[PDB]
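Raw query-v4.cif, mmCIF, C-alpha atoms and all ligand atoms:
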```
data_entry
loop_
_atom_site.group_PDB
_atom_site.id
_atom_site.type_symbol
_atom_site.label_atom_id
_atom_site.label_comp_id
_atom_site.auth_asym_id
_atom_site.auth_seq_id
_atom_site.Cartn_x
_atom_site.Cartn_y
_atom_site.Cartn_z
ATOM 1 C CA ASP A 1 0.000 0.000 0.000
ATOM 2 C CA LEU A 2 2.973 2.297 -0.744
ATOM 3 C CA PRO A 3 2.869 5.625 -2.587
ATOM 4 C CA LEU A 4 4.434 6.058 -6.003
ATOM 5 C CA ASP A 5 7.371 8.440 -5.833
ATOM 6 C CA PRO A 6 7.885 9.944 -9.292
ATOM 7 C CA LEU A 7 11.475 10.900 -8.413
ATOM 8 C CA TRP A 8 12.523 7.309 -7.680
ATOM 9 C CA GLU A 9 10.147 4.702 -9.128
ATOM 10 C CA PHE A 10 11.873 2.409 -11.660
ATOM 11 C CA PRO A 11 9.977 -0.100 -13.916
ATOM 12 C CA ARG A 12 9.861 -3.566 -12.374
ATOM 13 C CA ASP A 13 10.016 -5.074 -15.888
ATOM 14 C CA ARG A 14 13.419 -3.491 -16.540
ATOM 15 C CA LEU A 15 15.154 -5.150 -13.554
ATOM 16 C CA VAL A 16 16.444 -8.700 -14.124
ATOM 17 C CA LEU A 17 17.132 -10.292 -10.771
ATOM 18 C CA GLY A 18 20.258 -12.482 -10.563
ATOM 19 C CA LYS A 19 22.473 -14.242 -7.991
ATOM 20 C CA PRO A 20 21.873 -13.704 -4.233
ATOM 21 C CA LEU A 21 24.557 -11.551 -2.564
ATOM 22 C CA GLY A 22 23.457 -12.153 1.033
ATOM 23 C CA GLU A 23 20.582 -13.330 3.236
ATOM 24 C CA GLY A 24 19.602 -11.988 6.678
ATOM 25 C CA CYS A 25 16.824 -13.401 8.872
ATOM 26 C CA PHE A 26 13.794 -11.819 7.156
ATOM 27 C CA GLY A 27 15.365 -10.148 4.029
ATOM 28 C CA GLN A 28 17.928 -10.437 1.243
ATOM 29 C CA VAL A 29 20.146 -8.762 -1.325
ATOM 30 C CA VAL A 30 20.515 -9.933 -4.906
ATOM 31 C CA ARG A 31 22.623 -8.827 -7.787
ATOM 32 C CA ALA A 32 20.522 -7.650 -10.735
ATOM 33 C CA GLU A 33 20.801 -6.244 -14.226
ATOM 34 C CA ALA A 34 18.907 -2.984 -14.650
ATOM 35 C CA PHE A 35 18.046 -1.503 -18.062
ATOM 36 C CA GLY A 36 17.848 2.255 -18.361
ATOM 37 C CA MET A 37 19.245 3.340 -14.962
ATOM 38 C CA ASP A 38 20.780 6.079 -17.119
ATOM 39 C CA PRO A 39 17.685 7.919 -18.413
ATOM 40 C CA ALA A 40 19.897 9.379 -21.181
ATOM 41 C CA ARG A 41 20.971 5.987 -22.672
ATOM 42 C CA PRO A 42 17.831 3.997 -21.673
ATOM 43 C CA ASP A 43 18.718 0.631 -23.245
ATOM 44 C CA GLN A 44 22.102 0.392 -21.431
ATOM 45 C CA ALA A 45 22.407 -2.394 -18.837
ATOM 46 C CA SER A 46 24.109 -1.923 -15.516
ATOM 47 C CA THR A 47 24.720 -4.225 -12.549
ATOM 48 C CA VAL A 48 23.026 -3.102 -9.309
ATOM 49 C CA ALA A 49 22.198 -4.570 -5.932
ATOM 50 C CA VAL A 50 18.594 -4.957 -4.819
ATOM 51 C CA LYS A 51 17.399 -5.209 -1.222
ATOM 52 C CA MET A 52 14.052 -6.933 -0.604
ATOM 53 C CA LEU A 53 12.100 -8.873 2.062
ATOM 54 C CA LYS A 54 11.900 -12.655 2.363
ATOM 55 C CA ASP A 55 8.427 -14.245 2.496
ATOM 56 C CA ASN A 56 9.042 -14.932 6.234
ATOM 57 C CA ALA A 57 8.804 -11.239 7.147
ATOM 58 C CA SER A 58 6.678 -9.033 9.405
ATOM 59 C CA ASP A 59 5.125 -5.597 8.982
ATOM 60 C CA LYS A 60 7.996 -4.387 11.209
ATOM 61 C CA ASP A 61 10.568 -5.649 8.694
ATOM 62 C CA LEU A 62 8.715 -3.816 5.948
ATOM 63 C CA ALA A 63 8.702 -0.620 8.062
ATOM 64 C CA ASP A 64 12.490 -0.888 8.479
ATOM 65 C CA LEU A 65 13.215 -1.276 4.749
ATOM 66 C CA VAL A 66 10.894 1.655 3.934
ATOM 67 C CA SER A 67 12.722 3.705 6.565
ATOM 68 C CA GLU A 68 16.100 2.831 5.036
ATOM 69 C CA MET A 69 14.767 3.784 1.531
ATOM 70 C CA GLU A 70 13.344 7.116 2.713
ATOM 71 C CA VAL A 71 16.439 7.968 4.708
ATOM 72 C CA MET A 72 18.580 7.277 1.632
ATOM 73 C CA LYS A 73 16.378 9.559 -0.468
ATOM 74 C CA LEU A 74 16.678 12.384 2.014
ATOM 75 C CA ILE A 75 20.444 12.104 2.507
ATOM 76 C CA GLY A 76 21.039 12.398 -1.243
ATOM 77 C CA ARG A 77 23.942 11.446 -3.543
ATOM 78 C CA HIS A 78 27.703 11.412 -2.980
ATOM 79 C CA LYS A 79 30.685 9.829 -4.755
ATOM 80 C CA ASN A 80 31.797 8.099 -1.526
ATOM 81 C CA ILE A 81 28.608 6.414 -0.380
ATOM 82 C CA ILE A 82 26.584 3.546 -1.845
ATOM 83 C CA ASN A 83 23.841 5.521 -3.586
ATOM 84 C CA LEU A 84 20.133 4.804 -3.998
ATOM 85 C CA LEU A 85 19.327 4.310 -7.682
ATOM 86 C CA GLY A 86 15.667 3.448 -7.813
ATOM 87 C CA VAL A 87 12.794 1.661 -6.122
ATOM 88 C CA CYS A 88 9.983 -0.687 -7.155
ATOM 89 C CA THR A 89 6.956 -0.080 -4.957
ATOM 90 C CA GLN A 90 3.851 -0.793 -7.056
ATOM 91 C CA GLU A 91 2.108 -4.092 -7.848
ATOM 92 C CA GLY A 92 4.642 -6.479 -6.342
ATOM 93 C CA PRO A 93 7.210 -6.622 -3.573
ATOM 94 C CA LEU A 94 9.313 -3.684 -2.345
ATOM 95 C CA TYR A 95 12.668 -3.497 -4.116
ATOM 96 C CA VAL A 96 15.263 -0.935 -3.068
ATOM 97 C CA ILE A 97 17.934 -0.606 -5.750
ATOM 98 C CA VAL A 98 21.463 0.614 -4.997
ATOM 99 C CA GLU A 99 24.913 0.812 -6.561
ATOM 100 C CA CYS A 100 26.757 -2.532 -6.743
ATOM 101 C CA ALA A 101 30.462 -2.196 -5.969
ATOM 102 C CA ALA A 102 32.397 -4.681 -8.126
ATOM 103 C CA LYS A 103 35.314 -5.327 -5.773
ATOM 104 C CA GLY A 104 33.458 -6.101 -2.539
ATOM 105 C CA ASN A 105 34.305 -4.729 0.888
ATOM 106 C CA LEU A 106 37.440 -2.885 1.790
ATOM 107 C CA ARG A 107 38.729 -5.438 4.328
ATOM 108 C CA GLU A 108 38.580 -8.241 1.726
ATOM 109 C CA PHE A 109 39.929 -5.945 -0.975
ATOM 110 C CA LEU A 110 42.932 -5.193 1.259
ATOM 111 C CA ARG A 111 43.490 -8.779 2.465
ATOM 112 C CA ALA A 112 43.453 -10.152 -1.100
ATOM 113 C CA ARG A 113 46.121 -7.635 -2.056
ATOM 114 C CA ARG A 114 48.506 -8.688 0.723
ATOM 115 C CA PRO A 115 51.825 -9.401 -0.964
ATOM 116 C CA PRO A 116 53.734 -12.597 -0.094
ATOM 117 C CA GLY A 117 55.836 -12.132 3.080
ATOM 118 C CA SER A 118 58.230 -9.161 2.994
ATOM 119 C CA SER A 119 57.640 -8.364 -0.726
ATOM 120 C CA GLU A 120 56.055 -5.218 -2.310
ATOM 121 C CA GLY A 121 52.319 -5.493 -3.092
ATOM 122 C CA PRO A 122 50.293 -3.530 -5.598
ATOM 123 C CA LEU A 123 48.944 -1.096 -2.904
ATOM 124 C CA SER A 124 51.249 1.902 -2.630
ATOM 125 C CA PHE A 125 51.192 4.339 0.238
ATOM 126 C CA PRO A 126 49.401 6.968 -1.878
ATOM 127 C CA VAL A 127 46.670 4.457 -2.735
ATOM 128 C CA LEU A 128 46.208 3.557 0.957
ATOM 129 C CA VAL A 129 45.993 7.208 2.027
ATOM 130 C CA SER A 130 43.606 7.761 -0.867
ATOM 131 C CA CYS A 131 41.320 5.018 0.518
ATOM 132 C CA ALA A 132 41.341 6.756 3.900
ATOM 133 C CA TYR A 133 40.755 10.240 2.343
ATOM 134 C CA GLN A 134 37.766 8.958 0.370
ATOM 135 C CA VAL A 135 36.217 7.395 3.455
ATOM 136 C CA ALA A 136 36.696 10.638 5.362
ATOM 137 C CA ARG A 137 34.963 12.597 2.504
ATOM 138 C CA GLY A 138 32.024 10.199 2.554
ATOM 139 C CA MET A 139 31.751 10.537 6.321
ATOM 140 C CA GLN A 140 32.018 14.344 6.113
ATOM 141 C CA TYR A 141 29.164 14.281 3.652
ATOM 142 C CA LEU A 142 26.968 11.988 5.762
ATOM 143 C CA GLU A 143 27.737 14.124 8.756
ATOM 144 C CA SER A 144 26.561 17.270 6.855
ATOM 145 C CA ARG A 145 23.266 15.408 6.179
ATOM 146 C CA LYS A 146 22.949 14.631 9.908
ATOM 147 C CA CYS A 147 23.706 10.958 9.469
ATOM 148 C CA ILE A 148 25.607 9.203 12.287
ATOM 149 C CA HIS A 149 26.857 5.855 10.987
ATOM 150 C CA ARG A 150 27.431 3.935 14.263
ATOM 151 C CA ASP A 151 29.262 0.996 12.579
ATOM 152 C CA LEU A 152 32.094 2.458 10.520
ATOM 153 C CA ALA A 153 34.694 -0.267 9.791
ATOM 154 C CA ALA A 154 36.498 -1.599 6.703
ATOM 155 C CA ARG A 155 33.842 -4.312 6.265
ATOM 156 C CA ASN A 156 31.231 -1.533 5.824
ATOM 157 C CA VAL A 157 33.212 0.233 3.097
ATOM 158 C CA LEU A 158 32.782 -1.126 -0.446
ATOM 159 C CA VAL A 159 35.143 -0.738 -3.436
ATOM 160 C CA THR A 160 34.138 -0.056 -7.023
ATOM 161 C CA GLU A 161 35.730 -1.315 -10.253
ATOM 162 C CA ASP A 162 37.598 2.034 -10.315
ATOM 163 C CA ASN A 163 38.848 1.713 -6.648
ATOM 164 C CA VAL A 164 36.457 4.385 -5.329
ATOM 165 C CA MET A 165 35.475 3.879 -1.671
ATOM 166 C CA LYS A 166 31.728 3.820 -0.886
ATOM 167 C CA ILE A 167 30.347 3.760 2.682
ATOM 168 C CA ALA A 168 27.694 1.086 3.070
ATOM 169 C CA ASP A 169 24.719 0.681 5.372
ATOM 170 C CA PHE A 170 24.526 4.256 6.611
ATOM 171 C CA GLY A 171 20.711 4.337 6.523
ATOM 172 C CA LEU A 172 19.928 1.357 8.814
ATOM 173 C CA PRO A 173 31.769 -4.593 16.836
ATOM 174 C CA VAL A 174 33.096 -3.648 20.262
ATOM 175 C CA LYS A 175 36.635 -3.189 18.932
ATOM 176 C CA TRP A 176 35.408 -0.294 16.684
ATOM 177 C CA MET A 177 33.373 1.505 19.347
ATOM 178 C CA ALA A 178 34.231 4.697 21.164
ATOM 179 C CA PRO A 179 34.281 4.525 24.964
ATOM 180 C CA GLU A 180 31.106 6.648 25.339
ATOM 181 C CA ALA A 181 29.386 4.188 23.010
ATOM 182 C CA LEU A 182 30.772 1.152 24.856
ATOM 183 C CA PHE A 183 29.955 2.303 28.339
ATOM 184 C CA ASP A 184 27.180 4.948 27.961
ATOM 185 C CA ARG A 185 25.345 3.728 24.763
ATOM 186 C CA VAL A 186 25.998 7.298 23.372
ATOM 187 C CA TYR A 187 26.709 7.541 19.605
ATOM 188 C CA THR A 188 27.684 10.887 18.021
ATOM 189 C CA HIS A 189 29.704 12.080 15.000
ATOM 190 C CA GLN A 190 32.671 12.059 17.359
ATOM 191 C CA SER A 191 32.157 8.402 18.189
ATOM 192 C CA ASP A 192 32.221 7.744 14.438
ATOM 193 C CA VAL A 193 35.589 9.524 14.416
ATOM 194 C CA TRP A 194 36.928 6.983 16.890
ATOM 195 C CA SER A 195 35.789 4.240 14.576
ATOM 196 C CA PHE A 196 37.440 5.927 11.621
ATOM 197 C CA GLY A 197 40.753 5.757 13.544
ATOM 198 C CA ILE A 198 40.227 1.996 13.874
ATOM 199 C CA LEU A 199 39.457 1.855 10.178
ATOM 200 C CA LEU A 200 42.718 3.726 9.433
ATOM 201 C CA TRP A 201 44.590 1.064 11.371
ATOM 202 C CA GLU A 202 42.785 -1.583 9.340
ATOM 203 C CA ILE A 203 43.884 0.107 6.127
ATOM 204 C CA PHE A 204 47.514 0.284 7.113
ATOM 205 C CA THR A 205 47.582 -3.376 8.267
ATOM 206 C CA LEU A 206 45.999 -4.330 4.944
ATOM 207 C CA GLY A 207 42.910 -5.562 6.685
ATOM 208 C CA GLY A 208 44.214 -6.740 10.032
ATOM 209 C CA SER A 209 42.063 -7.536 13.074
ATOM 210 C CA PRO A 210 42.151 -4.786 15.677
ATOM 211 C CA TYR A 211 43.737 -5.376 19.117
ATOM 212 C CA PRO A 212 45.370 -8.516 17.741
ATOM 213 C CA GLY A 213 45.122 -11.403 20.212
ATOM 214 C CA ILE A 214 43.869 -9.268 23.074
ATOM 215 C CA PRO A 215 40.765 -11.031 24.395
ATOM 216 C CA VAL A 216 37.564 -8.985 23.998
ATOM 217 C CA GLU A 217 37.376 -8.670 27.836
ATOM 218 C CA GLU A 218 40.762 -6.979 28.457
ATOM 219 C CA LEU A 219 39.875 -4.242 25.917
ATOM 220 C CA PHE A 220 37.834 -1.994 28.182
ATOM 221 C CA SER A 221 40.454 -2.092 30.879
ATOM 222 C CA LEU A 222 43.230 -1.365 28.313
ATOM 223 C CA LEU A 223 41.333 1.725 27.127
ATOM 224 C CA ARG A 224 40.556 3.001 30.594
ATOM 225 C CA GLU A 225 44.232 2.783 31.440
ATOM 226 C CA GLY A 226 45.298 4.851 28.369
ATOM 227 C CA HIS A 227 46.435 1.988 26.149
ATOM 228 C CA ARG A 228 45.822 1.988 22.391
ATOM 229 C CA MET A 229 47.008 -0.056 19.417
ATOM 230 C CA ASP A 230 50.649 0.259 18.467
ATOM 231 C CA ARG A 231 51.895 1.678 15.204
ATOM 232 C CA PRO A 232 51.590 -0.957 12.504
ATOM 233 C CA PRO A 233 54.719 -1.932 10.545
ATOM 234 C CA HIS A 234 55.658 0.603 7.866
ATOM 235 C CA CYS A 235 52.911 3.036 8.948
ATOM 236 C CA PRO A 236 54.420 6.505 8.898
ATOM 237 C CA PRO A 237 54.371 8.540 12.119
ATOM 238 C CA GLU A 238 52.015 11.121 10.586
ATOM 239 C CA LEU A 239 49.296 8.557 9.961
ATOM 240 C CA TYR A 240 49.784 6.826 13.307
ATOM 241 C CA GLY A 241 49.503 10.306 14.865
ATOM 242 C CA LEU A 242 46.086 10.765 13.229
ATOM 243 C CA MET A 243 44.909 7.369 14.486
ATOM 244 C CA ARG A 244 45.938 8.374 17.980
ATOM 245 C CA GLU A 245 44.048 11.665 17.816
ATOM 246 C CA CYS A 246 40.874 9.823 16.808
ATOM 247 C CA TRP A 247 41.367 7.664 19.930
ATOM 248 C CA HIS A 248 41.475 10.460 22.486
ATOM 249 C CA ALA A 249 39.169 9.542 25.369
ATOM 250 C CA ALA A 250 37.474 12.926 25.302
ATOM 251 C CA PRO A 251 35.150 13.194 22.183
ATOM 252 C CA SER A 252 35.835 16.909 21.918
ATOM 253 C CA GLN A 253 39.559 16.308 21.606
ATOM 254 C CA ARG A 254 39.171 14.018 18.612
ATOM 255 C CA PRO A 255 39.444 15.595 15.186
ATOM 256 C CA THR A 256 36.310 16.443 13.155
ATOM 257 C CA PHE A 257 35.682 14.731 9.796
ATOM 258 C CA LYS A 258 36.539 18.080 8.237
ATOM 259 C CA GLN A 259 39.937 18.064 9.960
ATOM 260 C CA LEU A 260 40.560 14.457 8.927
ATOM 261 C CA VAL A 261 39.804 15.331 5.287
ATOM 262 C CA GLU A 262 42.225 18.259 5.518
ATOM 263 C CA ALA A 263 44.972 16.221 7.180
ATOM 264 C CA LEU A 264 44.725 13.387 4.689
ATOM 265 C CA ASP A 265 44.611 15.952 1.852
ATOM 266 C CA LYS A 266 47.918 17.480 3.105
ATOM 267 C CA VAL A 267 49.478 14.015 2.990
ATOM 268 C CA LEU A 268 48.335 13.250 -0.546
ATOM 269 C CA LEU A 269 49.456 16.711 -1.684
ATOM 270 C CA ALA A 270 52.905 16.154 -0.201
ATOM 271 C CA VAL A 271 53.334 12.871 -2.102
ATOM 272 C CA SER A 272 54.696 14.450 -5.306
HETATM 273 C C1 LIG B 301 28.369 -5.312 -8.059
HETATM 274 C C2 LIG B 301 28.771 -6.750 -8.347
HETATM 275 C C3 LIG B 301 28.950 -7.638 -7.130
HETATM 276 O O1 LIG B 301 28.696 -8.833 -7.158
HETATM 277 N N1 LIG B 301 29.522 -7.054 -6.052
HETATM 278 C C4 LIG B 301 29.827 -7.665 -4.806
HETATM 279 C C5 LIG B 301 30.257 -8.984 -4.669
HETATM 280 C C6 LIG B 301 30.604 -9.471 -3.418
HETATM 281 CL CL1 LIG B 301 31.089 -11.136 -3.232
HETATM 282 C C7 LIG B 301 30.530 -8.689 -2.282
HETATM 283 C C8 LIG B 301 30.150 -7.365 -2.415
HETATM 284 CL CL2 LIG B 301 30.125 -6.361 -1.000
HETATM 285 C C9 LIG B 301 29.806 -6.850 -3.661
HETATM 286 N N2 LIG B 301 29.344 -5.517 -3.761
HETATM 287 C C10 LIG B 301 28.174 -5.014 -3.278
HETATM 288 N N3 LIG B 301 27.909 -3.737 -3.612
HETATM 289 C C11 LIG B 301 26.795 -3.200 -3.113
HETATM 290 C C12 LIG B 301 25.971 -3.906 -2.270
HETATM 291 O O2 LIG B 301 24.850 -3.243 -1.828
HETATM 292 C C13 LIG B 301 24.190 -3.685 -0.624
HETATM 293 C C14 LIG B 301 23.426 -2.532 -0.014
HETATM 294 C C15 LIG B 301 24.081 -1.483 0.633
HETATM 295 CL CL3 LIG B 301 25.807 -1.526 0.756
HETATM 296 C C16 LIG B 301 23.397 -0.371 1.122
HETATM 297 O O3 LIG B 301 24.106 0.604 1.761
HETATM 298 C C17 LIG B 301 23.802 1.970 1.498
HETATM 299 C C18 LIG B 301 22.023 -0.326 1.017
HETATM 300 C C19 LIG B 301 21.343 -1.371 0.410
HETATM 301 O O4 LIG B 301 19.990 -1.343 0.270
HETATM 302 C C20 LIG B 301 19.258 -0.282 0.875
HETATM 303 C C21 LIG B 301 22.053 -2.462 -0.104
HETATM 304 CL CL4 LIG B 301 21.228 -3.703 -0.995
HETATM 305 C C22 LIG B 301 26.305 -5.221 -1.968
HETATM 306 N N4 LIG B 301 27.399 -5.789 -2.483
#
```
Here is a file; write its structure as structure tokens.
Amino acid sequence: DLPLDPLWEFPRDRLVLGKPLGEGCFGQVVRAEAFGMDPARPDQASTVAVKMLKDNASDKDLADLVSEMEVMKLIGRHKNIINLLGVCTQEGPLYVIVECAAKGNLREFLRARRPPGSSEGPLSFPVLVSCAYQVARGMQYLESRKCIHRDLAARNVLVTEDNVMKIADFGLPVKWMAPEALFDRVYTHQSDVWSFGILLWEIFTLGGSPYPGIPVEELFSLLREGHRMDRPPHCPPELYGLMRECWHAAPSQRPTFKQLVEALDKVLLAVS
């Protein structure tokens, strides 16, 4: 019983559903071919991802998917987020259609590009910093549209055929959480900044697991006592320094997403 949004409705007969990408409890995501997602060249095919409900699903589940769709509409478009492309709402099940990033999530993209042993891999320093910069730009955008992510991590960043970073799942993990989130259930833009520092560490370990070894119970005590992760091998001091600023206990002493963009920009500018 959903209204027809002229800005977003896409013809159900021009979406060819394909292979499942993932299945939750009461919903799923499938790869699809869409024809005419570019209104200009309307016969062109493109590959998209489609979120939908499973048959085993309640009115609540439907309310949640509608909420995610509407929130994505309101936030609007950016190069560094997974964008809404279209919806199918009429005469059949709810489909929410989004960009499909060819190279999967950033953790897997990094781990698969780990070079053997001590050897050089295809990911240069400037490419790594560029990954971080792009994430920061996406987060600065979401922040300007009043979106707090709450689960920023390399697994929730996707990578396109052209190696563009796109933040996923912004319109719906203790090692990624700020203290105030851990202990006080408080999530702000500044708690997302803490997570971004953890993400930075992931990037510069080529997809390593945070607080390596350290059992998930010693973490809170480590943090309370002023401990943080050590500088990863080959990570320059400047980038470690940024990680450490994001992990200040006091939210107000962490950098803003605007300052992280500017810092990472200075680094990329200095690299010839
Ligand atoms: C694009 C081709 C493809 O198969 N890509 C692929 C393959 C694997 Cl094995 C893993 C991944 Cl992560 C991908 N890429 C991919 N891109 C986009 C996806 O969209 C899911 C999705 C997101 Cl991220 C979203 O965040 C804003 C919202 C919605 O719906 C509202 C969805 Cl469906 C999934 N996988």
Q: Please write the residues picked by the PyMOL selection byres (((chain A and resi 90) around 9) and not hetatm) on this file as a list in words.
A: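 This file, filtered by the PyMOL selection byres (((chain A and resi 90) around 9) and not hetatm), leaves residues 1, 2, 3, 4, 9, 12, 88, 89, 91, 92, 93 and 94 of chain A.
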Sorted per-residue table, chain A near ligand LIG 301 (chain B), closest atoms and distance, 7 Å, all atoms listed in the file, as a Markdown table:
```
| residue | atom | partner | partner_atom | distance |
| --- | --- | --- | --- | --- |
| A:21 | CA | B:LIG301 | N4 | 6.4 |
| A:29 | CA | B:LIG301 | CL4 | 5.2 |
| A:31 | CA | B:LIG301 | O1 | 6.1 |
| A:47 | CA | B:LIG301 | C1 | 5.9 |
| A:48 | CA | B:LIG301 | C1 | 5.9 |
| A:49 | CA | B:LIG301 | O2 | 5.1 |
| A:50 | CA | B:LIG301 | CL4 | 4.8 |
| A:51 | CA | B:LIG301 | CL4 | 4.1 |
| A:68 | CA | B:LIG301 | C20 | 6.1 |
| A:69 | CA | B:LIG301 | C20 | 6.1 |
| A:81 | CA | B:LIG301 | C17 | 6.8 |
| A:82 | CA | B:LIG301 | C17 | 4.6 |
| A:83 | CA | B:LIG301 | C17 | 6.2 |
| A:96 | CA | B:LIG301 | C20 | 5.7 |
| A:97 | CA | B:LIG301 | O4 | 6.4 |
| A:98 | CA | B:LIG301 | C19 | 5.8 |
| A:99 | CA | B:LIG301 | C11 | 5.6 |
| A:100 | CA | B:LIG301 | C1 | 3.5 |
| A:101 | CA | B:LIG301 | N3 | 3.8 |
| A:102 | CA | B:LIG301 | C1 | 4.1 |
| A:103 | CA | B:LIG301 | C4 | 6.0 |
| A:104 | CA | B:LIG301 | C8 | 3.5 |
| A:105 | CA | B:LIG301 | CL2 | 4.9 |
| A:158 | CA | B:LIG301 | CL2 | 5.9 |
| A:167 | CA | B:LIG301 | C17 | 6.9 |
| A:168 | CA | B:LIG301 | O3 | 3.8 |
| A:169 | CA | B:LIG301 | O3 | 3.7 |
| A:170 | CA | B:LIG301 | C17 | 5.6 |
| A:171 | CA | B:LIG301 | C17 | 6.4 |
```
Q. So which one's closest to residue A:251, A:121, A:179, A:86, A:126? Using only C-alpha atoms, please.
A.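 The answer is A:179, which sits nearest to residue A:251.
Atom CA of residue A:5 is found 27.0 Å from atom CA of residue A:23.
Here atom CA of residue A:136 and atom CA of residue A:261 stand 5.6 Å from one another.
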